[PDB]
Amino acid sequence: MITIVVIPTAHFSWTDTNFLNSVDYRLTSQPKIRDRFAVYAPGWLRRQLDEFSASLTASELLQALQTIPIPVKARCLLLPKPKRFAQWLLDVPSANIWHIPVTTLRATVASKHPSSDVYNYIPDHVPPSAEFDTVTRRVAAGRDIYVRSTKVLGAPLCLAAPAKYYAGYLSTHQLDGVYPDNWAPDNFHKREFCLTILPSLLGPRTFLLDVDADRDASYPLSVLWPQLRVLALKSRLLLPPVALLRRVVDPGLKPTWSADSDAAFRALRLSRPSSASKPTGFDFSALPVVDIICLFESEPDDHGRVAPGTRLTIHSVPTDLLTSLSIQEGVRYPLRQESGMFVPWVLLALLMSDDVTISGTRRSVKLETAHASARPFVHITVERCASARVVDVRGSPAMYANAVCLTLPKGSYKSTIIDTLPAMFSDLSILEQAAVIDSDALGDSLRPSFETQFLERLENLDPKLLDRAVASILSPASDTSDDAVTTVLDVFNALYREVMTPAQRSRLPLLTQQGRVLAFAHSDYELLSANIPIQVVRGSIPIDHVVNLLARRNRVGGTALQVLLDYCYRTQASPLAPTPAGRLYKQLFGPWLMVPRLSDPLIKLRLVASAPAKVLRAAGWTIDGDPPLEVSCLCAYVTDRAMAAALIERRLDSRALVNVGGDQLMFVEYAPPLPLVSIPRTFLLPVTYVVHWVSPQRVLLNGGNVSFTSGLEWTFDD
Amino acid sequence: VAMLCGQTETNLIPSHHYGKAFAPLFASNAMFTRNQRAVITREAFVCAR
């Protein structure tokens, strides 16, 4: 039984049916494979670590935990307070296994201040005047331990006596927390391998799993990662995840004795034949992704030979994207389109990825996708999957079902993901283009466009000053070059503050108070300066945008105004660490990409909010029928009608403030904001949505504008 | 105050206390990392020069 110690990565899925899947889902592909592994990693230990995390240094914690055997056979047996505890040895006389005198017991019953005497001389009694390691040392003995406090570490903690003594001495939730430990044990089995979150002495039969990704920052033991890694490194004990799939373990890639050419290795062949009629007809919060190594090549030489080329690593591209596009390993696909741009699917892979680096080293690169580079790449081949794991998506980058705004530098390929991707399916409702907000919308709203006005003001300056500014921006070494650039910045700032802010502030409901809005902006400042209650995510894409916009020639400005605007926005943007935009894209579109893999049809839902007919008529509306009108705020999808109905009885504590004008422009607002995590993870939401009457034929004439408040209630539909 | 108020437990054996306290420190190879980094430092320095 070789043991592999595991430290979870950045977004390790925890509520998964099997911890094993979040490690690398390829291990579940074959029965012949999954039968070779045990897991352990019990929940009770997890909870203990969650508590002690705030009270021990990494070195101490590692030193304490490292000695614990794999299946913890011991228990911590909490004792009740002496007045309570003493009665137990007489309620059952044979339970007085230490045979404490009856006189002392009833002397304790008589005393106003019952002493620790009942605890005194009891073997392996742990007083509150004890330390964490004291418990751990006894844990290695396997026998149960008697303690006088709940804050203990290393073994499941359960009551020694019936609850009657601890009641009053402890409170409900405290009395509740020990229940699984009161009947804790479960068996551990002797398979070939056993994974574990519990650390251990690294040695000839213990290995550290290396996934090549950042740890879970929230996971309490991530602080141990450096010390563990270096110790493994100095003794060559790291294991790349692929090594686990081989019949015999070895740290290495491309071994002699194995070609590593088997269906098990090919992560692209994601298959789901088995079923259990479980409520998760699908868990749309769990998303399988892969890290892949891809080889890029340019045109061959005059004699058909080709250069060695370069291979890069793409991180955490969702696998269903590739599978649905029938991408296969070992196939040299064409990279460039007719017009020289990238083929769409490659762009999607880049956009939804987290990062792109050179394969060998750990240097991240922003890829160019234009005619800039000489000997440009024309062919691409995916070679192998460095890792393939499922990841939790629920509410990770964005928090509210209402709306979210993503900031990207000018020249990004947002158009591709918002148009080509849904168009590539165009059969299942993904979003409504009327709900997505292009970052350029407000700039286009002014009667002379914001760009035209900026150009018109700008030309008043001397051309040489403008020329000097543009050159300085392009030339990286031109530090500051204050005169030229600052003058332009002043004009930009003055104009934007003057015109853009009031215009932006005049579109408040359009950004947030629709069904569900996805919005783009060139900088967070564009929203903060206008006080728009929408979460803003500072994204970034792993492609060079500057060169990209240098290829777009059909614009108001001759490619020079564009770079000027780009610099201005970047200067305007607040200094902060930006996140990969792919994560947000994964949160939005990811679940939808798994739809075609499903076996059974979907079921629609919604949470319509009522509307009394009185106010409508009072507002001059002509409406048939007495029953209150209702309006669909947001539609959802499930597939197990049973559990879906079972989950529909919850009453959301979020009111809706519906507002609609005479022009039927309808708006919604949730007084308590609706958070995404509140949505059960079996659901599925569209990227964007537009509120609308459930039955437009009920109304016969729109009176004046209307506002009202109502509750929210998930309901079926037909 | 420190130099005028120092005290210890009555029957103290320094060797036992220090030994019991120093045991966890010298428990791993971590105390040798600096040696390796120094070696690389040397080779890098000479080659650069």
# chains A, B, ... in the order shown; residues from 1 in each chain; ligands from 1
call {"tool": "interface_residues", "arguments": {"of": "chain B", "to": "chain A", "cutoff": "9 Å", "atoms": "only C-alpha atoms", "output": "compact mmCIF listing (two decimals) with C-alpha atoms, in the first residue's frame"}}
result
# COMPACT_ATOMS: atom_id res chain seq x y z
CA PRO B 24 12.54 19.15 16.56
CA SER B 28 15.12 17.19 8.25
CA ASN B 29 17.34 18.02 5.30
CA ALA B 30 16.03 21.59 5.34
CA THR B 33 19.38 23.87 1.45
call {"tool": "select_by_dssp", "arguments": {"residues": "stretch 401-511 of chain A", "states": "strand (DSSP E or B)", "output": "MDAnalysis selection string"}}
result
chainID A and resid 403:407 437
call {"tool": "write_last_selection", "arguments": {"atoms": "N, CA and C atoms", "output": "PDB file, in the first residue's frame"}}
result
ATOM      1  N   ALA A 403     -26.355  40.740 -12.248  1.00  0.00           N
ATOM      2  CA  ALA A 403     -25.519  41.137 -13.373  1.00  0.00           C
ATOM      3  C   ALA A 403     -24.065  41.116 -12.932  1.00  0.00           C
ATOM      4  N   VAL A 404     -23.172  41.253 -13.907  1.00  0.00           N
ATOM      5  CA  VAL A 404     -21.742  41.319 -13.644  1.00  0.00           C
ATOM      6  C   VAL A 404     -21.085  42.024 -14.818  1.00  0.00           C
ATOM      7  N   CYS A 405     -20.086  42.846 -14.522  1.00  0.00           N
ATOM      8  CA  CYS A 405     -19.356  43.582 -15.542  1.00  0.00           C
ATOM      9  C   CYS A 405     -17.912  43.112 -15.584  1.00  0.00           C
ATOM     10  N   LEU A 406     -17.429  42.820 -16.784  1.00  0.00           N
ATOM     11  CA  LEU A 406     -16.065  42.370 -17.001  1.00  0.00           C
ATOM     12  C   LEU A 406     -15.283  43.464 -17.707  1.00  0.00           C
ATOM     13  N   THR A 407     -14.135  43.822 -17.149  1.00  0.00           N
ATOM     14  CA  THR A 407     -13.278  44.844 -17.729  1.00  0.00           C
ATOM     15  C   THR A 407     -12.160  44.181 -18.513  1.00  0.00           C
ATOM     16  N   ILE A 437     -24.103  44.007 -22.915  1.00  0.00           N
ATOM     17  CA  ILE A 437     -23.820  45.425 -23.067  1.00  0.00           C
ATOM     18  C   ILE A 437     -22.399  45.565 -23.583  1.00  0.00           C
TER      19      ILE A 437
END
call {"tool": "atom_distance", "arguments": {"atom1": "atom CA of residue A:549", "atom2": "atom CA of residue A:364"}}
result
21.4 Å
call {"tool": "residues_around", "arguments": {"residues": "residue A:685", "least_positions_apart": "6", "cutoff": "10 Å", "atoms": "only C-alpha atoms", "output": "ChimeraX atom specification"}}
result
/A:284,401,430-431,516,588-589,591-592,605,634-638,676,679
call {"tool": "closest_residue", "arguments": {"among": "A:129, A:688, A:104, A:664", "to": "residue A:704", "atoms": "only C-alpha atoms"}}
result
A:664
call {"tool": "closest_residue", "arguments": {"among": "A:145, A:1, A:107, A:690", "to": "residue A:204", "atoms": "only C-alpha atoms"}}
result
A:1
call {"tool": "closest_residue", "arguments": {"among": "A:239, A:700, A:684, A:201", "to": "residue B:27", "atoms": "only C-alpha atoms"}}
result
A:201
call {"tool": "residues_around", "arguments": {"residues": "residue A:88", "least_positions_apart": "6", "cutoff": "8 Å", "atoms": "only C-alpha atoms", "output": "VMD selection string"}}
result
chain A and resid 95 to 96 161 165
call {"tool": "write_last_selection", "arguments": {"atoms": "N, CA and C atoms", "output": "PDB file, in the first residue's frame"}}
result
ATOM      1  N   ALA A  95     -19.550   0.919  35.594  1.00  0.00           N
ATOM      2  CA  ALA A  95     -18.872   1.943  34.811  1.00  0.00           C
ATOM      3  C   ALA A  95     -17.767   2.640  35.590  1.00  0.00           C
ATOM      4  N   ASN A  96     -17.715   2.463  36.910  1.00  0.00           N
ATOM      5  CA  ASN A  96     -16.625   2.993  37.726  1.00  0.00           C
ATOM      6  C   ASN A  96     -15.384   2.114  37.555  1.00  0.00           C
ATOM      7  N   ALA A 161     -19.736   9.733  28.043  1.00  0.00           N
ATOM      8  CA  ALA A 161     -20.949   9.341  28.739  1.00  0.00           C
ATOM      9  C   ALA A 161     -22.189   9.699  27.930  1.00  0.00           C
ATOM     10  N   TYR A 165     -25.267  14.120  31.163  1.00  0.00           N
ATOM     11  CA  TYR A 165     -24.281  14.820  31.980  1.00  0.00           C
ATOM     12  C   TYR A 165     -23.746  16.053  31.264  1.00  0.00           C
TER      13      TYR A 165
END
call {"tool": "residues_around", "arguments": {"residues": "residue A:629", "least_positions_apart": "3", "cutoff": "10 Å", "atoms": "only C-alpha atoms", "output": "list in words"}}
result
residues 608, 609, 610, 611, 612, 613, 616, 623, 624, 625, 626, 693, 694, 695, 696, 698 and 699 of chain A
call {"tool": "select_by_dssp", "arguments": {"residues": "stretch 408-511 of chain A", "states": "helix (DSSP H, G or I)", "output": "ChimeraX atom specification"}}
result
/A:414-425,441-445,450-458,463-474,482-505,508-511
call {"tool": "atom_distance", "arguments": {"atom1": "atom CA of residue A:481", "atom2": "atom CA of residue A:493"}}
result
18.0 Å
call {"tool": "residues_around", "arguments": {"residues": "residue A:647", "least_positions_apart": "5", "cutoff": "10 Å", "atoms": "only C-alpha atoms", "output": "number ranges by chain"}}
result
A: 641-642, 680, 682, 714
